[PDB]
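Colleague: Before anything else, here's the structure in question.
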Amino acid sequence: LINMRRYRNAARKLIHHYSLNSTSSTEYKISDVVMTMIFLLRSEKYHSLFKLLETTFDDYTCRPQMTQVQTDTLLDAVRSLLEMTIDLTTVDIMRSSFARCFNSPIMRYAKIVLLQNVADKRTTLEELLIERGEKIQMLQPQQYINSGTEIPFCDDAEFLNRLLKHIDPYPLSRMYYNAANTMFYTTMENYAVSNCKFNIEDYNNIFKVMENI
Amino acid sequence: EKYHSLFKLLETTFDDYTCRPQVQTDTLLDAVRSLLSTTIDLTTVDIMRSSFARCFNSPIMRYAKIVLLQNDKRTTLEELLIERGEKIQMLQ
Amino acid sequence: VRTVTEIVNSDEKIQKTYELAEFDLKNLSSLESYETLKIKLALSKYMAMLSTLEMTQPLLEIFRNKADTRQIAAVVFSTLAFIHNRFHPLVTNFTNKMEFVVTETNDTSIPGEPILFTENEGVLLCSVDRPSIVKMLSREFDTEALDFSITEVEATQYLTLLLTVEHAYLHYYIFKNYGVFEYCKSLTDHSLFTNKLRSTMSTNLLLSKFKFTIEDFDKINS
Amino acid sequence: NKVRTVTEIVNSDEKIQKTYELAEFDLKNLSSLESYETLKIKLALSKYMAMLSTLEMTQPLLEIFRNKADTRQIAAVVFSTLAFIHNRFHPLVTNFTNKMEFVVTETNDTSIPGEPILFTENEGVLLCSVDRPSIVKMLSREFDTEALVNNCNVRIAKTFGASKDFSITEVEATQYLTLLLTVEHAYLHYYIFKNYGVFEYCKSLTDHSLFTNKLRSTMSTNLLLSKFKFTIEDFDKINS
Amino acid sequence: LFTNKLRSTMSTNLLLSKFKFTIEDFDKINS
């Protein structure tokens with residue numbers, strides 16, 4: 001037989017990484033994918049997920065269509081595995097990432113890539129901006145802030161010092177790492193779901209601007 | 001099922017190549033020969049086991065990442081002395 | 001660079017060369033330590049501020065919440081005005097009126113900029129895509145790689161939301177100070193923020209404390 | 001381009017200098033111009049339809065045109081439309097030649113392509129050729145009042161900066177616009193007629209570029225159509 | 001960093017400075 005826990009945790013790790021929630025970036029090998037896919041094969045409660053893996057193995061240029069109950073079971077199983085929320089878009093990310101990993105041949109490195117093959121009409125950034133303006137500006141705001149509302153500064157100096165000491169051991173650099181990776185992930189995800197060309201070039205230009213000023 | 005012994009061998013070869021610990025040896029040799037034709041022995045069994053072990057631990061496609069990178073103006077004397085003297089005053 | 005001290009009455013001279021590298025190293029260490037300190041101080045003040053915004057419930061679900069939008073608008077105003085005060089220490093108050101609209105779908109979530117502002121001809125409106133920012137904060141974090149209960153992960157969450165509101169506030173500043181035409185080109189091109197802010201803010205930035213890049217960026221563009 | 005206005009006080013050398021991107025103010029000028037043009041066009045249409053309603057038009061224009069029998073109504077509406085157009089070019093003028101006549105074409109044998117509305121004086125007064133079937137089919141043409149029709153950056157700018165009962169839809173707005181444009185072209189032809197002779201009328205009909213010669217002198221001193229520019233999709237290749 | 005730091009003190013000593021030391025074959029090691 002085999003050890004349930006190791007394959008299970010490998011599958012969890014891989015689904016976290018391709019779902020991009022795990023901003024913790026970690027290397028992967030054919031060993032890791034083998035472990036994850038073995039887990040999915042042996043996991044009866046995740047057999048639907050495994051058959052989706054088998055579909056991803058194929059030409060993968062056409063998402064299989066599933067009943068609504070099949071979608072719900074797929075979501076529940078992935079939520080049990082990851083141990084959460086999740087949705088269909090994360091499943092599409094799973095499908096594309098798995099398919100592209102299959103399309104990667106045996107290799108001694110890793111090919112850095114970006115979200116794609118997700119969501120069908122190709123949209124541009126400019127008319128997407130215009131369209132989102134159409135949608136937003138037709139919405140009456142629900143929320144009111146009245147008067148020159150004073151900014152409630154917490155002058156509780158002892159509280160400031162207590163918070164500072166509590167967060168003092170925190171390795172400030174790594175919070176930057178996590179947050180910056182997470183904003184990058186949000187940007188790619190939104191551009192990919194909208195299917196808009198991800199202008200990673202201007203995303204970098206943002207940091208260039210930060211540096212210069 | 002006939003190849004489950006070498007399947008256990010390979011699943012153990014993941015991560016580290018671990019190691020290779022008689023009738024079952026004949027069984028696995030016949031199984032591989034059927035997978036081939038040519039005669040074999042435990043030597044080519046272990047060579048193939050190594051091929052699989054390395055293949056597993058071989059890297060695969062990854063995605064990008066916001067790489068951290070740990071990184072002239074000099075304050076003049078007048079503002080520095082302002083801020084020093086004010087706290088000197090605040091002392092008791 | 002070298003310094004000489006010698007006996008005025010005698011040819012004897014004891015010259016000691018001083019190495020600028022050691023001084024530069026000491027300045028760099030002091031500056032990095034001070035930057036760490038001051039950023040931690042600003043973050044601590046910000047968490048204290050949001051604490052004095054009177055929400056027991058924590059930030060992540062302070063966003064996850066669907067029905068709760070009064071606290072959403074209040075906290076968004078608080079963050080944007082806190083950033084305004086950071087860039088404008090004198091200012092402790094914002095415009096008299098503000099409005100917020102809660103977008104909750106992809107067709108209303110513009111990619112890259114879930115948070116944005118456009119007028120209703122009387123006041124500016126804070127468009128906010130709760131799903132995008134919630135999934136943003138829901139991502140697990142590498143808080144490991146290289147008596148109020150707070151966690152390093154929550155510190156990442158605060159830094160996250162602060163950077164998000166900070167970029168939204170940069171766009172809002174472009175709006176206010178240069179019209180919607182400049183707003184939209186700065187959105188279309190953030191390199192323009194360099195030109196706009198060298199004029200104003202440089203005369204600094206928390207994000208400027210670090211330089212960030214994307215691995216394999218060159219070949220990803222290809 | 002750029003304007004760097006200097007604010008200072010003569011008491012001391014203290015000087016201050018602000019560059020001003022003239023592009024934003026030119027864009028404001030353009031936006032005001034487009035808004036004003038849209039308003040004037042819409043109010044011209046409003047006046048036209050209001051005077052049509054005061055013309056005791058009971059059944060909407062569409063089945064006014066479907067009406068073969070009531071040539072009284074057809075003559076009245078065409079006369080009113082041409083009156084409105086000439087008033088647009090001649091606000092002072094509000095009435096025409098005492099005697100007027102109208103003739104209708106009801107078949108291909110009687111209806112010409114390009115100019116379903118024509119004129120050919122009986123040597124004493126001008127007669128109004130009007131092809132009822134052509135306009136019948138014109139209005140019968142299904143319409144696209146849902147798909148918006150069109151620099152990307154300035155487009156986004158005008159979008160975001162743009163801080164967006166009698167029974168009528170926008171379809172009849174299309175219909176009346178089309179009628180006004182057709183009668184506008186026909187009335188330009190008839191201006192050529194009255195101003196230069198029947199031969200010149202004919203040549204201008206054969207060559208609409210001559211309208212540039214005869215109206216760049218007069219009309220431009222503009223068209224309802226001149227609000228926008230118009231062409232054919234991929235006209236360049238189309239030509240070949 | 002040791003050279004930088006000890007230019008203040010050591011110069012004004014190390015026994016190991018006697019000989020010249022290297023690691024063998026860099027030409028086709030570092031290759």
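Colleague: State whether the residues of the stretch D:62-85 include one that is farther than 19 Å from D:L188 by Cβ, among the hydroxyl-bearing types (S, T, Y) and in a loop (DSSP other than H, G, I, E, B).
Modeller: No, there is no match, as no residue in the stretch D:62-85 is farther than 19 Å from D:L188 by Cβ, among the hydroxyl-bearing types (S, T, Y) and in a loop (DSSP other than H, G, I, E, B).
Colleague: Can you tell me which residue among D:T54, D:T19, D:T58 is in contact with a strand residue (DSSP E or B) (Cβ under 6 Å, 6 or more places away or on another chain) and either closer than 30 Å to D:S226 by Cα or polar (S, T, N, Q) (or both)?
Modeller: The conditions single out D:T19.
Colleague: Looking at the structure I just gave you, is C:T79 touching an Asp or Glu at 6+ places or on another chain (Cβ under 8 Å) and either buried (at least 18 other Cβ atoms within 10 Å of the Cβ) or over 16 Å from C:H171 (Cβ atoms) (or both)?
Modeller: Criteria not met by C:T79.
Colleague: Give the residues of the stretch C:57-76 that are loosely packed, with under 13 Cβ neighbours inside 10 Å and closer than 16 Å to A:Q143 by Cα, sorted by residue number.
Modeller: Across the stretch C:57-76, the qualifying residues are C:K66, C:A67.
Colleague: Looking only at residues that are hydroxyl-bearing (S, T, Y) and away from chain D (no Cβ under 14 Å) in the stretch C:169-214, which one is surrounded by the most Cβ atoms within 10 Å (Cβ to Cβ)?
Modeller: Among those that are hydroxyl-bearing (S, T, Y) and away from chain D (no Cβ under 14 Å), it is C:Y169.
Okay, residues lined up against (1) among the charged types (D, E, K, R); (2) surrounded by 12 or more Cβ atoms within 10 Å (Cβ to Cβ); (3) within 25 Å of E:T12 (Cα to Cα):
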site: C:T5; (1), (2), (3): no, no, yes
site: C:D11; (1), (2), (3): yes, no, yes
site: C:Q15; (1), (2), (3): no, no, yes
site: C:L20; (1), (2), (3): no, no, yes
site: C:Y34; (1), (2), (3): no, no, no
site: C:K40; (1), (2), (3): yes, yes, no
site: C:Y46; (1), (2), (3): no, yes, no
site: C:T52; (1), (2), (3): no, yes, no
site: C:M55; (1), (2), (3): no, yes, no
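Colleague: OK, next. It is to be established whether one or more residues within the stretch A:80-94 are touching a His at 6+ places or on another chain (Cβ under 9 Å), under 28 Å from A:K45 (Cβ atoms) and either surrounded by fewer than 19 Cβ atoms within 10 Å (Cβ to Cβ) or hydrophobic (A, V, I, L, M, F, W, C) (or both).
Modeller: Within the stretch A:80-94 (the criterion being touching a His at 6+ places or on another chain (Cβ under 9 Å), under 28 Å from A:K45 (Cβ atoms) and either surrounded by fewer than 19 Cβ atoms within 10 Å (Cβ to Cβ) or hydrophobic (A, V, I, L, M, F, W, C) (or both)), the answer is yes, since at least one residue qualifies.
Colleague: Return the residues of the stretch A:191-213 that are within 11 Å of C:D189 (Cβ to Cβ) and in a helix (DSSP H, G or I); say none if nothing qualifies.
Modeller: Listed by number, the residues that qualify are A:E201, A:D202, A:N205, A:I206, A:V209.
Colleague: Has the stretch B:28-49 got any residue that is among the aliphatic types (A, V, I, L, M), buried (at least 17 other Cβ atoms within 10 Å of the Cβ), more than 16 Å from the chain's Cα centre (by Cα) and within 21 Å of A:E27 (Cα to Cα)?
Modeller: no
Colleague: Condition test on C:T105, is it more than 21 Å from the chain's Cα centre (by Cα) and surrounded by fewer than 19 Cβ atoms within 10 Å (Cβ to Cβ)?
Modeller: yes
Colleague: Within the stretch A:153-176, does at least one residue satisfy the condition of being surrounded by fewer than 20 Cβ atoms within 10 Å (Cβ to Cβ), part of a loop (DSSP other than H, G, I, E, B) and of a type in the set (A, V, I, L, M, F, W, C)?
Modeller: yes
Colleague: Out of the residues in the stretch C:148-167 meeting the condition of being of a type outside the set (S, T, Y) and under 17 Å from C:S132 (Cβ atoms), tell me which one is surrounded by the fewest Cβ atoms within 10 Å (Cβ to Cβ).
Modeller: Across the stretch C:148-167, the extreme among qualifying residues is C:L163.
Colleague: Let me ask you something else. Quick one: which residue in C:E166, C:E152 is more than 7 Å from every other protein chain (Cβ to nearest Cβ) and of a type in the set (D, E, K, R)?
Modeller: C:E166
Colleague: Look at the stretch A:1-52 and say how many of its residues are of a type in the set (V, I, T) and either touching a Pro at 6+ places or on another chain (Cβ under 7 Å) or within 7 Å of another protein chain (Cβ to nearest Cβ) (or both).
Modeller: Summing the residues that are of a type in the set (V, I, T) and either touching a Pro at 6+ places or on another chain (Cβ under 7 Å) or within 7 Å of another protein chain (Cβ to nearest Cβ) (or both) in the stretch A:1-52 gives 5.
Colleague: Just name the residue that is farthest from A:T149 (Cα to Cα) out of those in the stretch C:77-102 that are among the aliphatic types (A, V, I, L, M) and within 14 Å of the chain's Cα centre (by Cα).
Modeller: C:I83
Colleague: In addition: So is C:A168 in a helix (DSSP H, G or I), within 14 Å of the chain's Cα centre (by Cα) and within 20 Å of C:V101 (Cβ to Cβ) or not?
Modeller: yes
Colleague: Another question about this same structure. When you look at D:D70, is it within 14 Å of another protein chain (Cβ to nearest Cβ) and of a type in the set (D, E), yes or no?
Modeller: For D:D70, the condition - within 14 Å of another protein chain (Cβ to nearest Cβ) and of a type in the set (D, E) - is not met.
Colleague: Restricting to the stretch C:123-159, count the residues that are in contact with a strand residue (DSSP E or B) (Cβ under 9 Å, 6 or more places away or on another chain) and in a loop (DSSP other than H, G, I, E, B).
Modeller: Adding up the residues that qualify gives 1.
Colleague: Quick one: in the stretch C:22-32, of everything that is hydrophobic (A, V, I, L, M, F, W, C) and either more than 27 Å from the chain's Cα centre (by Cα) or surrounded by 14 or more Cβ atoms within 10 Å (Cβ to Cβ) (or both), which residue is nearest to A:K165 (Cα to Cα)?
Modeller: So the residue we want is C:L25.
Colleague: How many of the residues making up the stretch C:7-36 are more than 10 Å from chain E (Cβ to nearest Cβ), of a type outside the set (G, A, S) and more than 20 Å from B:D72 (Cβ to Cβ)?
Modeller: Total meeting the criteria: 9.
Colleague: A further question follows. Could you say which residue among A:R174, A:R132 is closer than 19 Å to C:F141 by Cα and among the basic types (K, R)?
Modeller: A:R174
Colleague: I would also like to ask the following. Hey, can you tell me all the residues within the stretch D:5-30 that are closer than 17 Å to C:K185 by Cα and part of a helix (DSSP H, G or I)?
Modeller: D:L22, D:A23, D:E24, D:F25, D:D26, D:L27, D:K28
Colleague: Within the stretch C:86-104, which residues are outside any helix (DSSP H, G or I) and more than 9 Å from chain A (Cβ to nearest Cβ)?
Modeller: Residues satisfying the conditions are C:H88, C:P89, C:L90, C:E104.
Colleague: Here's another thing I want to ask about it. Could you say which residue among A:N212, A:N181, A:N117, A:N205 is more than 7 Å from chain C (Cβ to nearest Cβ) and surrounded by fewer than 18 Cβ atoms within 10 Å (Cβ to Cβ)?
Modeller: One residue alone meets the criteria, A:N117.
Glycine also receives a Cβ, built like all others from the backbone with ideal geometry; neighbour counts cover every protein chain displayed. Here, each number is a calculation from the coordinates, and none is a lab measurement.
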